[PDB]
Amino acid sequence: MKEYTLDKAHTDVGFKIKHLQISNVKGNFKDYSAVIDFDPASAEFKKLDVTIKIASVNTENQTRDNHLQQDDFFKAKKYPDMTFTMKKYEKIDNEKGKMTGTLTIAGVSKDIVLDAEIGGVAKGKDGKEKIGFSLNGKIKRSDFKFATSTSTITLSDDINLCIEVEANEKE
């Protein structure tokens, strides 16, 4: 036998271990339209109808945005848009209310509640009206039979909706 001495410079006492990490995928949609009817006298919404172009999704990642378009997510070839249609606004006070509407994701429709937070009602620079408001709420992938092949372990059943709107009067 012979005796040796490590050469520390070309030696690695190494190890590898697998772990899980939870993180939020955050995203918006670059292209969408809405019809907003609102009465500043009473701080009530009268009509809120939104259409969103699934193709315009943006989760700050090119390959994911594309993947969301595929059969196992949005299926944008067959269902290019998602729609929300308000059915009921129930005023809490002038800053707050409960909005009920029909969300449609890839042809599947469910009534949801969003929390309306009216964050500012004004006449603008020019003397024509503006508003700021938030709509937020949680919907379940499973209520919409959405991405059903992706486990609720990997990707949460819960999606948190945040619609943050600034908006000016018409004509």
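Numbering starts at 1 and follows the sequence shown.
Two stretches are in play, 34-42 and 116-124, and the higher mean C-alpha B-factor belongs to 116-124. Averaged over CA atoms, B-factors in the entry run higher in 65-73 than in the other of 105-113 and 65-73.
Of the candidates 136, 58, 142, 51, the deposited coordinates give 58 the top C-alpha B factor. Per-chain ranking of the deposited C-alpha B factor places residue 90 in the lowest third.
Residue 18: CA B factor lies in the middle third for its chain, per the PDB record. Among all modelled residues in this chain, the alpha-carbon of residue 9 has a temperature factor (C-alpha) in the highest third.
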